[PDB]
Amino acid sequence: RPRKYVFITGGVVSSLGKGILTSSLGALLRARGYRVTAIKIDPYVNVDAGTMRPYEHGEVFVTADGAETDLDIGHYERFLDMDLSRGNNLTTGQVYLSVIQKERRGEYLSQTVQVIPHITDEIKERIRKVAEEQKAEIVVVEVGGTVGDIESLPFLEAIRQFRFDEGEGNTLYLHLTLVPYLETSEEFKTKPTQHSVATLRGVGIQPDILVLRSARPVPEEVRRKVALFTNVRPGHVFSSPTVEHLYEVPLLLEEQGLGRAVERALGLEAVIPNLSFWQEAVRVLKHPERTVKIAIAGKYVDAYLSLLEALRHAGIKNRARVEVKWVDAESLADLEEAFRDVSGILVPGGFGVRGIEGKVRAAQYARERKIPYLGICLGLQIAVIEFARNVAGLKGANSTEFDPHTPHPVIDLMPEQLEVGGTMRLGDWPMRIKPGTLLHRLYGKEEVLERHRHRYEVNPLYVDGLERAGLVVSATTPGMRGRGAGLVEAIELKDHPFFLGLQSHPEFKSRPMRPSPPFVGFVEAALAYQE
Amino acid sequence: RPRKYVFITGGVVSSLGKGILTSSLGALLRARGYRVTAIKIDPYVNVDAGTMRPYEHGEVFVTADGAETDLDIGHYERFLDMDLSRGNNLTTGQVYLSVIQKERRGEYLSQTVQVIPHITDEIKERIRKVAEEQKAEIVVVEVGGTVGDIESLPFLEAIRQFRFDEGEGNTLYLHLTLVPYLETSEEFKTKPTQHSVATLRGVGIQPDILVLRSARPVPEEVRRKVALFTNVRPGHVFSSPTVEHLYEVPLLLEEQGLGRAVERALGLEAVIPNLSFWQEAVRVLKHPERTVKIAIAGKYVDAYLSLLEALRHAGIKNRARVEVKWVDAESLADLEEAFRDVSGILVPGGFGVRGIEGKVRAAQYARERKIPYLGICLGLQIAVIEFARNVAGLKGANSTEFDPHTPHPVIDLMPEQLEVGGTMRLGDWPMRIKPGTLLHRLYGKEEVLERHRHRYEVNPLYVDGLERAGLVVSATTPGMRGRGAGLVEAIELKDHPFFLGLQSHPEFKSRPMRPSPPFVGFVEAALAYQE
Amino acid sequence: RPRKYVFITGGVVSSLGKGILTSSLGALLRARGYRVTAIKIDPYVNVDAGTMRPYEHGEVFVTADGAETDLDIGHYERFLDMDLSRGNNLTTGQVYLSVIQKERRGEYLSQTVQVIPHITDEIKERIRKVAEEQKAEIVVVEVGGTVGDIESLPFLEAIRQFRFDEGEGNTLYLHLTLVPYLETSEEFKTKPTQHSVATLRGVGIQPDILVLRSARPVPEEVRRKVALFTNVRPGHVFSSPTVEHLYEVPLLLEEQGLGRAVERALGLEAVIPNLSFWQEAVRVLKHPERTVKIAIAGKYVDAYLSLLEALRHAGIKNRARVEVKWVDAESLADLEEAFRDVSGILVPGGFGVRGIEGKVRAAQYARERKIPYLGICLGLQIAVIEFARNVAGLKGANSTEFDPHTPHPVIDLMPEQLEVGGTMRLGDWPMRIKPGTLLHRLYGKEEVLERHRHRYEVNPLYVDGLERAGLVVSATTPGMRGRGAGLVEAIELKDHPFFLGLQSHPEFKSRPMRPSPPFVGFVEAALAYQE
Ligand SMILES: NC(=O)CC[C@H](N)C(=O)O
Ligand SMILES: NC(=O)CC[C@H](N)C(=O)O
Ligand SMILES: NC(=O)CC[C@H](N)C(=O)O
């Protein structure tokens, strides 16, 4: 049974929702029982998303293996319901760096190294390597950038070569384009699509399937015209209309027949997908039994893409619509009005002093006014800082990240004793939950894994005291590779309806099919608070 | 002093308002005192617009010389304020037919005839010939179609050759493209523009000026990015935002600096344009002293492009906003409600029986209820028919176009005596107005020219009787080339506030700077009726 | 059983021998028993080759139906061994003229007519119409021009559309390109091929087969590289090396596997071609039993393409190599040296006085010195003129074409009595051969058809006298459609080893498989003369 490859390119304009299309096709294939994996090719020169801002210009996703990748990997994980790794985000920097380092070591045996075939071999090899490791039966590869630009050329060439390498029936090429619709003229402009496919053909790729992005679905007559001038059969031209909920996409594509078309094109026996989860999730999103509002007091108010997705997953499970009120951390200054008509307060992650003191106030206000509180990473550090100051009377308490000279570094770098150097804790780390805690009630397990991306920890030296003040350490980590043994992973308050914080980013693991308990509980408590 | 040529191409999509851009640049140049002319190249194979439907799929304009052309010629005439001719609408059919007929006659002297240079020579020759006849100092040529399609290729090549033929400083190339704007992302997508210009460059043309069509104006920073990747200097990239009134375009383009950029590029001494007319016309359109509503009882409710423009011109002169209520002729069946809140009824032109009887009812209703009435071409024939039936008691009266067997053909083909064969009366025909009539009051002249396009006339044999019944022949034509001597050109009613009809299409000559009197009076009477 | 279409395009440069490739594939298919036909698309604007010079810039072929076409039709007829017609030479002029005339007649029903789909529909319709009339099972269509130029675009689009129209397995696309070979570097440059195919793909066509034109055959390794970067399978990339004899082409292509590849691609059951004729003809050309030299006293010394082919066909049948000595008619002035080592003199066709008197001398010299003489069309008129002057003593005798005022118009326009106006006799005309003549000995029939293209005939009024002088009219035509009844078609001399002339162009019908008797005899007589 040969491995199947489905490549996805985009044309006309850079933004078409190609990430969600890839994810949606991934879901339709997994809904058929196939073992699938998606690879996001990002033509940029950055080796990885590690040197970029973690939130500001859009969230940087973190995989179980600790890789910092493009946010699309998160989409992919959510729609396919599986962990991806560093190998699922391929960049120009990675490819050129390996090939270049390889020829400096003389491993190319004195020959002249070139984009073709050397850079292109590296690209294909990485695509196959990761698909092998994940035992994929079908692999969906999304080419970032836009057909017609310079950066994606090496990648378009690389994937073009797969048809010959893999043999007939094992590769399929899909191209997504923009079809402008004039509300007045009431007409769909297909020329951009025509020119884009012609350009793609010029580099050597003939799409087998086309998806036309437009405000509304593209009429059959129009789709036929496009089919005939592109060399794509009529039944292989589909629409990608704009929709209210992202979860609707897999459904509308399957209904039009994308799934069937794909199976056939790959010469696979027809399998009836089970889309029961998506259908119900979309039903819940369109008809919530109730709706509650919570506030996100962040300093970056797609910076919290995974966070917002996590809230949505929890909402669905609670059969409730979760409305988000964005509260600018720094502005925190009438809290009564800022959190008016708010049944929950969430303090997300971030770096830098900006907004810290503002978040501190939100936490205090949420602790005193018995308002559900969820703190993620920095959110926990904030809570620890606010508790340290106003409950343990540790005046000036803070994190050395914000005040390197505070007299009470309740949050500081990795303790020298627990170190092995100046690197963050990234990826999955085991978390031992304490029985009888709120954390325990939510998970229902005593041992779990959550993903991390931070360089500051709760200072051990202060734990004993804070606990005496009434702070509960509902979770700790046994460490990993002899590092961070004993570090605090979660904190909560006993005399509060819902006050929880975690050092990790549990949003990163949240899947619409399997919500993150910390968020499930947060939403549940919110609803409770709303009475 | 060399003749200057400004070529205008379009890219990305077929609809960008390139016709109005051409017209607007034409206006800015005439506002500088230059003798200008515009040529519309229509890549279609039709020799002319003569075999197309006159109204249904958009109006077919008629020039003073009787040529049936694309509607853009009308725009051109209105913005430049000058009559154009058959030579101002160049088509593929015209070009290939002349070259082909020429080689069949052996006039190419036994050589192999080809698209290049023979078809391209014909195109350039026609462009120069018409510009010469019109003594143009600056000629604006608009290339129909979209860069990247097959049909316009011979024309793009033809105009590319002008740079070398005319010598430096005498040719300028402008390209209009679509820049999609995402209301959400709040971003302008410039890739389509980039790809389009790259394609244009590929055929051999480097634009000197670019105009970016988009919902809103394109920011300076964005325009600079486009300038740098297209080879067009920053100061030569302009915006074409969507606007309320067409007359605003010349103004916004001049303000941004298109006029100045053009003069400079053509090496002409700066001239301060006088845009006083446009500024006031736009002021009137934005702030009408009053507004009246009139109904258009037509069978095609851009079929009446020139008609609606004519109403707008009249409105401006009357400093009033004219609201049009579309009344489907055929549906005419409660007239009281159909013309409710209507201070004027206009019955436009058309061919075919469809809606005739419905129009007849509108006329009768407008004659009895003393409601201002304006009938254009068919509009007059309708009025004559309704008057014949209900005032002269000529039962069954009609036009032989609708009832070839009516016992009273008050409207029929060109009288055999007045003929010279089965062709329509097209283009300007002299009209002798009768002193003391409503027609006379409106024009203020006794002799004028109006454009025609019809094959039916008021049957002479019935004039005497109809006049006795009370119908007034306020105009007749002395004929032309010994044809149609004596034919009725206009009719009106003495005992009515405003009841007028003309055989010609006076909308075709209406200019915003010089409104058509028949419409000026119609609007004036409407206002009167509204009290 | 579906009709199969094989399209042939050319890239990089205009001259690649694509005409002979088309012809050669045609031969391989007919050698398999298929009914085939070839259509030559000539992108030029000339409706037909009728207004071009008949010889000067290359011969203009004439088909049985009297059509004047591109010389490729001749190749086609020779390799396929079948008569083609006007419909086998499609031009831009024909296509645009029909569509244009059609819309002027309003036959497009008021719609806007465009290159696509109207011009393209006309092209496809003409291709199918002619294939139907000829009951073709396989049709080979050659696209003139070069991929990448403007003129052939409408045709490339037209043929691209056939794949969808005809359904899978019924269309095949072949592209011929130039692969430069550096004699020094000893390398084949494949980039031109790469860029050309990329351009072809850009217009929407993916070649299934490629033929690389180069000085020498392209190595397998190189062919594989081209296959991989063009999307064409390795076994479908072939070579077209330069060769000594044109007849070698079908053979080398079949040997490489073009025939097999084509049958398979069209989903046809393998048929073993019988290439026995070509193999022997090539054997004869490489190893002639003998060789003789004849002189061609023409005024255009590919003007005589069909003539030279006819000589080659005759040579093969006589198992002798025929060497041609070009003798410039006008220069005729030492005949002894001009015809030194010449065993035969041929005077071909032409128009105009230039060289007439020179040809006259060659004829006289050939008649007196008992040297084999073959006169084609003008060649016969010359002989009649020379005989009239020097044997019948008709001083000043001539053709009115050269001397409108000669006192003895032994050759003049179509006799007024035999006319029906000022048109030439074109295409096949029946020729009644007289028993016992040299003409009869050669053909072996009394009635045959030969193709014509001339406007001058032997003046009847002079026949009687010339016959008395000793001239023999070995053939006459019963006329056609009541025209030219009785006209002289051939003349010969009784007291001469070989002196023959014909009014028609028997070269046009000569096929390598079936030589034209007049030439067979001419060569035979030449050999005889050489002793
Ligand atoms: N993303 C975050 O929440 C980071 C919190 C803090 N900067 C740390 O390094 O721990
Ligand atoms: N356009 C018109 O108004 C045409 C009216 C009528 N068909 C005529 O030929 O006179
Ligand atoms: N091609 C020819 O041989 C033409 C001969 C001569 N011009 C004729 O019209 O008969």
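In order, the protein sequences belong to chains A, B and C. For the first sequence, the residue numbers in this note's numbering are 329 to 859. For the second sequence, the residue numbers in this note's numbering are 329 to 859. For the third sequence, the residue numbers in this note's numbering are 329 to 859. Yeah, the Cβ is synthetic: ideal placement off N, Cα and C, and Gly gets one too.
- Annotation: the continuous alpha helix (DSSP H) that includes B/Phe847 extends over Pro845 to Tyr857.
- In chain order, the residues with a C-beta atom nearer than 5 angstroms to some heavy atom of ligand 3 are C/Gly677, C/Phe679, C/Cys705, C/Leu706, C/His782, C/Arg783 and C/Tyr784.
- The Cβ of A/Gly563 sits no closer than 9 angstroms to any Cβ of chain C.
- Not one beta carbon of chain C lies nearer than 9 angstroms to the beta carbon of B/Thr337.
- B/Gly339 carries a strand assignment under DSSP once its states are collapsed to helix, strand and coil.
- For secondary structure counted as the alpha helix (DSSP H) over 4 or more consecutive residues, the region 357 to 439 of chain B holds these complete runs in sequence order: 400 to 408 and 420 to 432.
- C/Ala711 sits close to C/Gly829, with the two beta carbons spaced by under 9 angstroms.
- Contact between C/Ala642 and C/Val469 does not hold, since their C-beta atoms are separated by about 31 angstroms, which reaches or exceeds 8 angstroms.
- Where A/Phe490 is concerned, the enclosing alpha helix (DSSP H) starts and stops at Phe490 to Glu494.
- Taking a Cβ-Cβ threshold of 7 angstroms, the residues of chain A close to C/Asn559 are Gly532, in chain order.
- By the Cβ rule, the region 533 to 548 of chain A counts as touching the region 494 to 509 of chain A, because three or more pairs are nearer than 8 angstroms.
- In this structure, the alpha-carbon of C/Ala657 lies about 18 angstroms from that of C/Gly386.
- Here C/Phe566 is bridged, per DSSP, to C/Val539.
- Listed in chain order, the positions of the region 416 to 446 of chain C with a beta carbon within less than 8 angstroms of a beta carbon of chain B are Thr420, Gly421, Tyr424, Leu425, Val427, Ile428, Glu431, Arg432, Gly434, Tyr436, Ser438, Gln439, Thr440, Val441, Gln442, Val443, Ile444 and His446.
- Among the residues facing chain A, B/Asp477 is included, as its CB has a counterpart in that chain under 9 angstroms away.
- By the CB criterion at 9 angstroms, A/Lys457 and A/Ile487 fall outside the cutoff.
- Taking C-alpha positions only, A/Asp477 is separated from A/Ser426 by approximately 23 angstroms.
- With a threshold of 8 angstroms, the Cβ atom of A/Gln709 counts as near ligand 1, since some heavy atom of the ligand is closer than that.
- Straight-line measurement puts the Cα of B/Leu484 at about 58 angstroms from the Cα of A/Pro616.
- Chain order gives no chain A residues near C/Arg811, where near means a beta carbon separation below 8 angstroms; the closest approach is about 49 angstroms.
- In this structure, C/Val620 places its C-beta atom within 9 angstroms of the C-beta atom of C/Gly672.
- Three or more pairs of CB atoms, one per stretch, sit closer than 8 angstroms, so the region 396 to 405 of chain A contacts the region 364 to 383 of chain A.
- For B/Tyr632, there are no C-beta contacts with chain C under 7 angstroms, since the nearest C-beta of that chain is about 18 angstroms from it.
- Shortest Cα-Cα distance from C/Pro806 to any of C/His824, C/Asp823, C/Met759 and C/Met841 involves C/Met759.
- The beta carbon of B/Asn646 does not come within 9 angstroms of any beta carbon belonging to chain C, so the residue lies off that interface.
- With a threshold of 9 angstroms between beta carbons, B/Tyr372 makes contact with chain C.
- Cβ proximity to chain C below 7 angstroms picks out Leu481, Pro482 and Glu485 from the region 480 to 500 of chain B.
- The shortest CA-to-CA distance from B/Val738 to any of B/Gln745, B/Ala589, B/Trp757 and B/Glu714 is the one to B/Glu714.
- Classified as exposed, A/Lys723 has fewer than 16 neighbouring CB atoms from the shown chains inside 10 Å of its CB.
- Remark: the C-beta of A/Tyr383 is in contact range of ligand 1, defined as less than 8 angstroms to any heavy atom.
- For B/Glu729, the shortest C-beta to heavy atom distance toward ligand 2 is below 8 angstroms.
- Residue ranges of uninterrupted alpha helix (DSSP H) with 4 or more members, entirely inside the region 438 to 525 of chain A and ordered along the chain, are 448 to 461, 481 to 488 and 490 to 494.
- At the C-beta level, C/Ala691 and C/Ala623 stay beyond 9 angstroms of one another.
- Relative to ligand 1, A/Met410 has its C-beta separated by 8 angstroms or more from all heavy atoms.
- Under the Cβ criterion (8 angstroms, minimum of three pairs), the region 436 to 443 of chain B does not count as touching the region 838 to 852 of chain A.
- Contact annotation, C/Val546 with C/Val507: C-beta distance approximately 6 angstroms; criterion of less than 8 angstroms satisfied.
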